[PDB]
């Protein structure tokens, strides 16, 4: 019983830059970090991946309902890494998170991608509810500017008696994936 009723769209940040500020406000409310960095990370969004998608609502201005970042995956042309999935705090529990992820799948599939990957710990059941499974680690490809080169016999003593499943603070994290 979480049936979103609001009219929503899903657009890249770099096509609605007047909302970049509102997007930064949204994400930094969940994951506080320097506003200089959040504005820069959203400023990297581009059609070349990584790109940041905003779930937006008609109605003074449009509301930035939710955001998710999509990056390409090293050695996996058909994989996308999903990160920074968040719905506005005051709008959680209205189905906007389900629509955000489902819209991600549509967006990715239209462009030929067939596997989404992400990490979580406390929200594992949120993703399994939407079809995700436990998978293995991938490495996302970070933003590089369009202007950069882009061309690059005695016996042995005793023995000393995958950091990819760990995150920024040394916690274990679930790698989850989904075919689309």
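Residue numbers count along the first chain shown, from 1.
- In terms of unmodelled positions of the deposited sequence, the stretch from residue 152 to residue 153 in this entry skips 10 or more residues.
- When the two stretches 119-127 and 66-74 are set side by side, the higher mean Cα temperature factor goes to 119-127.
- On average the C-alpha atoms of 140-148 have higher B-factors than those of the other stretch, with 46-54 and 140-148 being the two compared.
- Among the modelled residues of the chain, residue 27 sits in the lowest third by CA temperature factor in this PDB entry.
- Sorting the modelled residues of the chain by their CA temperature factor places residue 59 in the highest third.
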